[PDB]
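Novice: The following block contains the structure, expressed as structure tokens.
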Amino acid sequence: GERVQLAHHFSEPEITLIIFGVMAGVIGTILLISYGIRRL
Amino acid sequence: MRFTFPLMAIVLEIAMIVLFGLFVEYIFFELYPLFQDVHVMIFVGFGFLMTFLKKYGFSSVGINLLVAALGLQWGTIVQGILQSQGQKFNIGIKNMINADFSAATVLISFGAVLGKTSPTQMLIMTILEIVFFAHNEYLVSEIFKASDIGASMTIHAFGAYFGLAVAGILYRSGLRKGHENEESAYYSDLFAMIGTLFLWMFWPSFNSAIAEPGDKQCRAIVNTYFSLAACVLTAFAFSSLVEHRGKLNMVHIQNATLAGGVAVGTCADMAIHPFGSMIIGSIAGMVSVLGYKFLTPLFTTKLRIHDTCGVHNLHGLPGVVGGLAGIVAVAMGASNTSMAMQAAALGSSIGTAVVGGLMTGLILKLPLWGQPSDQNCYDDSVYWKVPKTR
Amino acid sequence: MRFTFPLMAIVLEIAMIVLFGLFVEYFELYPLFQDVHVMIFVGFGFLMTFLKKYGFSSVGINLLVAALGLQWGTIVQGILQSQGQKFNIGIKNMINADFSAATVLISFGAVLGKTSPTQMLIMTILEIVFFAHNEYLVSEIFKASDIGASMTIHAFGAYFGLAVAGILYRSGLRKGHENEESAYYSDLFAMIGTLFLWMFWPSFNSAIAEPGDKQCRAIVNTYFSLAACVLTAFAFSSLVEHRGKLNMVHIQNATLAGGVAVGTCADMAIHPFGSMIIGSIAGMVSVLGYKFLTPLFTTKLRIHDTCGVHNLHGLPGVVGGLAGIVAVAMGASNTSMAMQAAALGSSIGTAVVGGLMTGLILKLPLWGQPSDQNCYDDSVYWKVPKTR
Amino acid sequence: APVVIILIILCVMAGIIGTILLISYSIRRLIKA
Amino acid sequence: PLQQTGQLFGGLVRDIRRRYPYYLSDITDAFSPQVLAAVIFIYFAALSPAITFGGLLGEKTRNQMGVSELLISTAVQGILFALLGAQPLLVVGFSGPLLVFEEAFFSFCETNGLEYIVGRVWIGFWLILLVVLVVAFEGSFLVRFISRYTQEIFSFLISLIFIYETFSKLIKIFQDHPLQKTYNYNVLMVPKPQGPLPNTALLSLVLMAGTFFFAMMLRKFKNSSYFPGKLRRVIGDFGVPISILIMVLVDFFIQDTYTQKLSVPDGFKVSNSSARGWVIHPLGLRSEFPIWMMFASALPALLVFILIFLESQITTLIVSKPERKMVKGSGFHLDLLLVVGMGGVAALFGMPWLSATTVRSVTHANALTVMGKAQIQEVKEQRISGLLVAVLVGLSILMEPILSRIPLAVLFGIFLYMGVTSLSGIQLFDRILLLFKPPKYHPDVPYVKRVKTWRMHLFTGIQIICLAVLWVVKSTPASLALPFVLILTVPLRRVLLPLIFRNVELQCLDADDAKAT
Ligand SMILES: *[C@@H]1O[C@H](CO)[C@@H](O[C@@H]2O[C@H](CO)[C@@H](O)[C@H](O)[C@H]2NC(C)=O)[C@H](O)[C@H]1NC(C)=O
Ligand SMILES: CC(C)CCC[C@@H](C)[C@H]1CC[C@H]2[C@@H]3CC=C4C[C@@H](O)CC[C@]4(C)[C@H]3CC[C@]12C
């Protein structure tokens, strides 16, 4: 970064990978729910 | 009539002997290694590069040899006279490297009118073109004081546009659509590859012969080496790109692979960096392949200017690119000397080439030199005893 | 996709330009460099033109592969020398770049006629890395004396090509091919490359030698080794053929084995008689290999060698390595003998491993390999004229 | 360290070629059908 | 193109199957001088808004996002959109509503003591989630309910905004340097003049008038009957570059008088290196980012998604009308996904999200539009123009010596030319002109010969009321509700209008293909 920044447990690649994984899980859950609906 | 060719040749040779007796009197063993390579370039690479025609190998290589042999005697005379200002001068190694550079210019011009001219026309064209080239290069080197050590402007562009002007004056309406003898053969293309490879390998000595010993000569060698290396890759890529079904074309491989060496001539000794030399070579190869694919049909069918070897796409357009690269390198602080003199050298080279080619073609167009008919173009049998078997 | 080759060539050229920008900075060896340059681009280029319908591809792919190879080898060898730092470009860098191109062309000789230009670009890129790492290992870790590069260039390229051709084995081409046949004028053209290699090989073996006694010894040993190798190759070519006929393959290739086998012992004080003995053994081994071992490799071991580059580079390269071991044992050199043996073994092993990996990469049906019917044909990748 | 740099350069070139070929193959399989 | 397949990501692949087969044509069609003239036009037409909006954004956000960040984001998104989008004629860049949202979000973060750039990162993270779901469920099938009514209203409103801002910049130039009897000859020039200067505003007016006049004159010369046809059309395609060159040389030959020039960053560096870097941590830079704001960013993400979606989709509708001879196809689902995803990615890098601006895209399409012997003949549909524009915008920093000699007044005349040429494809503008014409001079078009004059005038007057309301909305602090008010015309067309207009009148007046019902 720039100047002095607070140190976090997760680095920027780690936190963005975690956020992308959570987003992918939410998208997959929504898609599976939509797949279940309109069939039964 | 029947004796015009030997009579003109003997008169020219006696004139050369008299001029050598009048004006010519006798580091060397250092630049001799590089002279040998330029001589091998002049007499083998150009000689066999133009042997791609299936029925014109004999005339190609033999007239190349004759033209270059007379050129090394006439260019020595004219360049020594111009440098010495009419006084007697002594001949050293640099004197015979410049005479092979004049021969190179004349051979580049020969590449444009190949297959459509008589040997007598080639004698006349050599005699006139050496005078025009020597005067233009004296202007560029001494009046303009431009840096053109590899001679992208004084040699390549000059010869290419000189040959274009001569071919324009010597235009044949019957050959605009094409000719049956204007096509390559397998082994003729192999000989053309012999010439191409020799030119490609020995081009660094061609660019670095007159360069100042030390850092500048090494820079010229390295820049030419890597520019040619990049040019081969880009020429192959764009030859596969522009042709039908991605098939490689042998004309592109035989000619456009030398465009990187042609274009890096002006920037040879400058500190343009090897990456800059490779960029110049890549751009020159792309430009040469695109020219061969598109502009040569436009020059032939529309502008009534037929280029047999496509010496425009190899020497003129890469030569103009080299002049522009020299201007940019002067701009970017890569060398001394002004931008204005580089631009003036490029403009004067192109203009003098065009004007001298117009005058030379007008002299050549006279029905006196036994030029072939439209039927007999690109045929060895007009002047040579061709064997029955191939 | 027909756009794979131009796209790959442009990407590789851009990568080379970027690397030369990042890592590269700015004369008595220049004639030797020019001799090596002529060897690399003419001798190897026309030596493989013996095929009647593959001359265009042989010479053009030779030029393209070597042109990419000099730049990529310059970058890789400079990086290995400077430990990842910038380096100046001298005449020695150009000589070593041409040597890397030579190794890649030796490997290309094995799979000639059965590969695409795209496969050749990929093989060049990978083989330069493997060869330069092996050469750095031999030159600086083991510190063996291989001034002529019998082990690091010739054997390495030969066994690299053998491994690549073994992975790229075609079942349809094991019993021969109708296009895998020489012609009269094609052999005449191949003699050009043979003669140029023979004439300029002493500069190949003495380009990077220490100035003084070692360089002169390398020149003289290479010259006399080739002189003996020519006579022995002619004799054995007459011996192994019916009615004493001379086979053009033998005269084209085996006459150059003396330069390969004398490479390790070039700068050593092995005397002209020793160089002549080495060249004679090299010529005999090369002719015997061409006559008997090449069909054995093709039919039984399923390794097809188009130009027979094994009999020219591998067996003479191993002979040169063993000759170096013996010459160190006889006191002709002050190197270690175990280091020479390690250099030979490591060169062979690294060549085999790199060839296996590169051949596995090249077997992917993405690079436009020719069909079994269209092997050894220029019309697959070139515009071929109607007449010969 | 030089070996690391050379492997990194090879990885970059291989990744570029592989990504371009993957995009081309995906576009081809989507377009032909 | 707007039908619902019913398959997950069905509209995405359908747009992929439509334009990507023509990929080889998208490269070969650009080998013409008209494409080069279009590149030269759109380079300025996209760089000058980028510079102005970057300056305003840096002023209003204390340079947390500035000119360099906007230029880099524009270059990256334009390259990716030209190399992947199904409507390459669209121009991607920053817009006014995005600037208003940036101002509002900066004010909200400052009031609540939140980190503005980290909140932007989280909003861009929420943007990727929204557009994946919308494309998967084919949410771009709702665009089919936007008829010529809403399209023409939005286009006319955006053109009016563009022309009004172009004139307001001239008004600002006049106010900064008013016409005075006396002036102070000792005024500091760095970074900007601190007082009124002689001959500044008048010379700027002269340059603007000359630029607009010469652009219009060369556009007319394109359709005139002078010179050989090839040279005439070459000059007409290069009318804007020739006018720009003439006026730039005119300003260059005047040395004493000061004129405001384009200002670019010194190098590829962030506008504020003391605040943030190129990569912003989503967990916070100075202080720990609150957990609640990670979830609370969904509503601003929804607002930004609505803005970008409506802007880009209506722009795509306008630039790809059947009457504009776009015979290669457009992708509604793919381009929206690419735009929102690139915006979300650029948010992670501290760069603004971008959307397809109407004015620049319509100018770009009209620049490649070929007029027959009047009648639109064809459009040079190719990808090279947008890619070159993006590359030149990215390289604008490195070419400071060239851009520093170009006055803003020439760009103002260029903007005026773009605004007056953006009204061509609007039938609302044509009907507005009919309000000042006798009924017998009205053209032979289906919406005039089949509907009574006063009925058509009432239909035009209703639209002007909507235009005036949208103009009121823009000039109010609640300018972020503008897309909703524009949406409200969709109920007006499909519910309220049939009560007072017959079906034949509605079919004639609002026709997707300009047909006679
Ligand atoms: C770059 O950012 C820093 C901090 O984000 C700015 O410094 C602030 O300036 C404002 C204006 O006076 C005041 O709040 C304080 O002086 C500073 N606050 C802090 C927390 O440092 C700086 O002005 C910015 N630079 C530019 C050119 O806008
Ligand atoms: C819509 C997109 C942005 C994803 C949805 C965001 C929500 C559901 C997820 C994504 C990433 C998650 C965070 C990832 C990591 C941490 C660090 C941990 O010590 C506390 C929880 C916390 C802070 C999580 C809270 C919930 C969170 C913000």
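Residue numbers (the deposited numbering), protein chains in the order written: chain B, 78 to 117; chain Q, 1 to 26, 46 to 409; chain L, 1 to 26, 48 to 409; chain P, 59 to 91; chain C, 371 to 743, 751 to 894.
Using N, Cα and C, we set each Cβ at its ideal position, and we do this for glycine too.
Should the segment 336 to 344 of chain L be called in touch with the segment 285 to 305 of chain L, which here means at least 3 C-beta pairs below 8 angstroms?
Specialist: yes
Novice: State yes or no: is the C-beta of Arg2 of chain L nearer than 7 angstroms to some heavy atom of ligand 1?
Specialist: Translated into positions along the third sequence, residue 2 of chain L becomes position 2. For ligand 1, not one heavy atom lies less than 7 angstroms from the Cβ of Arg2 of chain L.
Novice: With three or more beta-carbon pairs closer than 8 angstroms as the criterion, would you say the segment 269 to 281 of chain L touches the segment 247 to 254 of chain L?
Specialist: yes
Novice: Just how far apart, CA to CA, sit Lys135 of chain Q and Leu406 of chain C?
Specialist: Locating residue 135 of chain Q in the second sequence gives position 116, where the first residue counts as 1. Locating residue 406 of chain C in the fifth sequence gives position 36, where the first residue counts as 1. Roughly 40 angstroms separates the two Cα atoms.
Novice: If you measure from each CB to the nearest heavy atom of ligand 1 and keep those under 6 angstroms, what residues do you get, in chain order?
Specialist: The set of residues with any CB-heavy atom separation to ligand 1 below 6 angstroms comprises, in chain order, C:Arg432, C:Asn433, C:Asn642, C:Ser644 and C:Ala645.
Novice: Quick check: does the Cβ of residue 130 of chain B come within less than 7 angstroms of any heavy atom belonging to ligand 2?
Specialist: Residue 130 of chain B is absent from the model: chain B starts at 78 and stops at 117.
Novice: Roughly how many whole angstroms lie between the Cα atoms of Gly509 of chain C and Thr444 of chain C?
Specialist: If you number the fifth sequence from 1, residue 509 of chain C lands on position 139. If you number the fifth sequence from 1, residue 444 of chain C lands on position 74. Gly509 of chain C and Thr444 of chain C: Cα-Cα distance of roughly 26 angstroms.
Novice: Classify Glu758 of chain C as helix, strand or coil using the three-state DSSP reduction.
Specialist: For this step, residue 758 of chain C is matched to residue 381 along the fifth sequence. Reduced to three states, the DSSP call for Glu758 of chain C is coil.
Novice: My output table needs one value for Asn109 of chain L: the three-state DSSP class, helix, strand or coil.
Specialist: For the purposes of this step, residue 109 of chain L is taken as the residue at position 88 of the third sequence. In this structure, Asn109 of chain L counts as strand in the three-state DSSP scheme.
Novice: Counting contacts by CB-CB distance shorter than 8 angstroms, is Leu7 of chain L in contact with chain P?
Specialist: Your numbering for residue 7 of chain L matches position 7 in the third sequence. So yes, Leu7 of chain L belongs to the interface.
Novice: Kindly indicate the opening and closing residues of the beta strand (DSSP E) around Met741 of chain C.
Specialist: Working through the fifth sequence from its first residue, we reach residue 741 of chain C at position 371. Note, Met741 of chain C: beta strand (DSSP E), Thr739 to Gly742.
Novice: Over what stretch of residues does the alpha helix (DSSP H) that includes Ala204 of chain L continue unbroken?
Specialist: Counting from one through the third sequence, the residue named residue 204 of chain L turns up at place 183. No alpha helix (DSSP H) contains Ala204 of chain L, which DSSP labels as neither H nor E.
Novice: Does the distance from the C-beta atom of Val97 of chain L to that of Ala153 of chain L stay below 8 angstroms?
Specialist: Taking the third sequence and counting its residues from 1, the one referred to as residue 97 of chain L is at position 76. Taking the third sequence and counting its residues from 1, the one referred to as residue 153 of chain L is at position 132. Their beta carbons are under 8 angstroms apart, which means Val97 of chain L touches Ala153 of chain L by this criterion.
Novice: Of all the CB atoms in chain L, is at least one closer than 8 angstroms to the CB of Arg238 of chain Q?
Specialist: Taking the second sequence and counting its residues from 1, the one referred to as residue 238 of chain Q is at position 219. So yes, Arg238 of chain Q belongs to the interface.
Novice: Along chain C, in chain order, which residues have C-beta atoms closer than 8 angstroms to that of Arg116 of chain B?
Specialist: Along the first sequence, read from residue 1 onward, the residue named residue 116 of chain B stands at position 39. Going along chain C, no residue has its Cβ under 8 angstroms from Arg116 of chain B, so there is no contact; the nearest lies around 13 angstroms.
Novice: Since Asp326 of chain Q and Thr319 of chain Q should fall inside the 8 angstroms C-beta cutoff, what is the C-beta to C-beta distance between them, to a whole number of angstroms?
Specialist: Against the second sequence, residue 326 of chain Q aligns to sequence position 307. Against the second sequence, residue 319 of chain Q aligns to sequence position 300. That pair is a contact at about 7 angstroms.
Novice: So what does DSSP say about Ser781 of chain C, is it helix, strand or coil?
Specialist: Residue 781 of chain C sits at position 404 when you count from the first residue of the fifth sequence. The answer is coil: DSSP assigns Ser781 of chain C none of H, G, I, E or B.
Novice: Kindly identify the DSSP beta-bridge partner or partners of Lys631 of chain C.
Specialist: By one-based count along the fifth sequence, residue 631 of chain C stands at place 261. According to DSSP, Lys631 of chain C bridges with C:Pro784.
Novice: When you measure from the CB of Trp496 of chain C to every non-hydrogen atom of ligand 2, does any distance come out below 7 angstroms?
Specialist: Along the fifth sequence, one-based indexing puts residue 496 of chain C at 126. The answer is yes for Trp496 of chain C.
Novice: Are the CB atoms of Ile487 of chain C and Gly699 of chain C nearer to each other than 8 angstroms?
Specialist: Along the fifth sequence, read from residue 1 onward, the residue named residue 487 of chain C stands at position 117. Along the fifth sequence, read from residue 1 onward, the residue named residue 699 of chain C stands at position 329. Against a cut-off of 8 angstroms, the Cβ pair of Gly699 of chain C and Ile487 of chain C comes out as no contact.
Novice: How about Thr106 of chain B: is its C-beta nearer than 8 angstroms to some C-beta of chain C?
Specialist: Position 29 of the first sequence, counted from the first residue, corresponds to residue 106 of chain B. Answer no: the Cβ-Cβ gap between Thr106 of chain B and chain C never drops below 8 angstroms.
Novice: Flag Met1 of chain L as yes if its beta-carbon sits less than 8 angstroms from any beta-carbon of chain P, otherwise no.
Specialist: Taking the first residue of the third sequence as 1, we reach residue 1 of chain L at position 1. For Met1 of chain L, the answer is yes, since a Cβ of chain P falls inside 8 angstroms of its Cβ.
Novice: For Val270 of chain L, which residues of its own chain have a beta-carbon under 7 angstroms away from its beta-carbon, when the five flanking residues on both sides are left out?
Specialist: Counting from 1 along the third sequence, the entry for residue 270 of chain L is found at position 249. Counting only Cβ-Cβ distances below 7 angstroms, and skipping sequence neighbours, we find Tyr311 and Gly329.
Novice: Looking only at its own chain, which residues have a Cβ that is under 7 angstroms from the Cβ of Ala348 of chain Q, when we skip the five neighbours before and after it?
Specialist: To locate residue 348 of chain Q, count along the second sequence from 1; it is residue 329. For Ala348 of chain Q, where only same-chain residues beyond five positions count, the Cβ hits under 7 angstroms are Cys286, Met289, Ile291 and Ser354.
Novice: By the three-class DSSP mapping on this structure, what secondary structure does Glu25 of chain Q have?
Specialist: As a working mapping, residue 25 of chain Q is identified with position 25 in the second sequence. Here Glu25 of chain Q sits in strand by DSSP.
Novice: Would you say the beta carbon of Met115 of chain L comes nearer than 7 angstroms to a heavy atom of ligand 2?
Specialist: Position 94 of the third sequence, counting from 1, holds the residue named residue 115 of chain L. For ligand 2, not one heavy atom lies less than 7 angstroms from the Cβ of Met115 of chain L.
Novice: State yes or no: is the C-beta of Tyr190 of chain L within less than 8 angstroms of the C-beta of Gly335 of chain L?
Specialist: Here residue 190 of chain L corresponds to residue number 169 of the third sequence, with the count starting at 1. Here residue 335 of chain L corresponds to residue number 314 of the third sequence, with the count starting at 1. Cβ atoms of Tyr190 of chain L and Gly335 of chain L: not closer than 8 angstroms.
Novice: Would you mind listing the alpha helix (DSSP H) stretches within the segment 843 to 881 of chain C that are 4+ residues and don't spill past its ends, in chain order?
Specialist: List check, alpha helix (DSSP H) in window: 859 to 864 and 874 to 877.
Novice: Helix, strand or coil for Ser128 of chain Q per DSSP?
Specialist: Here residue 128 of chain Q refers to the residue found at position 109 of the second sequence. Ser128 of chain Q: helix per DSSP, three-state reduction.
Novice: When you compare only the Cα positions, how much space is there between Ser368 of chain Q and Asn155 of chain Q?
Specialist: The residue labelled residue 368 of chain Q in the question sits at position 349 within the second sequence. The residue labelled residue 155 of chain Q in the question sits at position 136 within the second sequence. The straight-line gap from Cα to Cα measures roughly 6 angstroms.
Novice: Closer than 9 angstroms by beta-carbon distance: list the chain P residues that pair up with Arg760 of chain C, in chain order.
Specialist: As a first step, residue 760 of chain C is located in the fifth sequence; it is residue number 383 there, counting from the start. Those within 9 angstroms of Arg760 of chain C in chain P number zero; the least Cβ separation is about 14 angstroms.
Novice: Could you tell me which of C:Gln545, C:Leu575, C:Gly580 and C:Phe584 sits nearest to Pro566 of chain C, measuring between CA atoms?
Specialist: In the fifth sequence, the residue the question calls residue 566 of chain C occupies position 196. The candidate whose alpha carbon is nearest that of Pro566 of chain C is C:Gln545.
Novice: Which of the residues in the segment 798 to 821 of chain C, read from start to end, lie with their CB under 9 angstroms from any CB of chain P?
Specialist: none
Novice: Anyone know if the C-beta pair for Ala735 of chain C and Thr686 of chain C falls short of 8 angstroms?
Specialist: Stepping through the fifth sequence from its first residue, residue 735 of chain C is reached at position 365. Stepping through the fifth sequence from its first residue, residue 686 of chain C is reached at position 316. Against a cut-off of 8 angstroms, the Cβ pair of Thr686 of chain C and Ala735 of chain C comes out as no contact.
Novice: Just how far apart, CA to CA, sit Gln404 of chain C and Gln683 of chain C?
Specialist: Taking the fifth sequence and counting its residues from 1, one reaches residue 404 of chain C at position 34. Taking the fifth sequence and counting its residues from 1, one reaches residue 683 of chain C at position 313. Cα to Cα, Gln404 of chain C sits roughly 27 angstroms from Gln683 of chain C.
Novice: Taking 7 angstroms as the cut-off, is the beta-carbon of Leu718 of chain C closer than that to any non-hydrogen atom of ligand 2?
Specialist: Here residue 718 of chain C refers to the residue found at position 348 of the fifth sequence. Outside the cutoff, so no.
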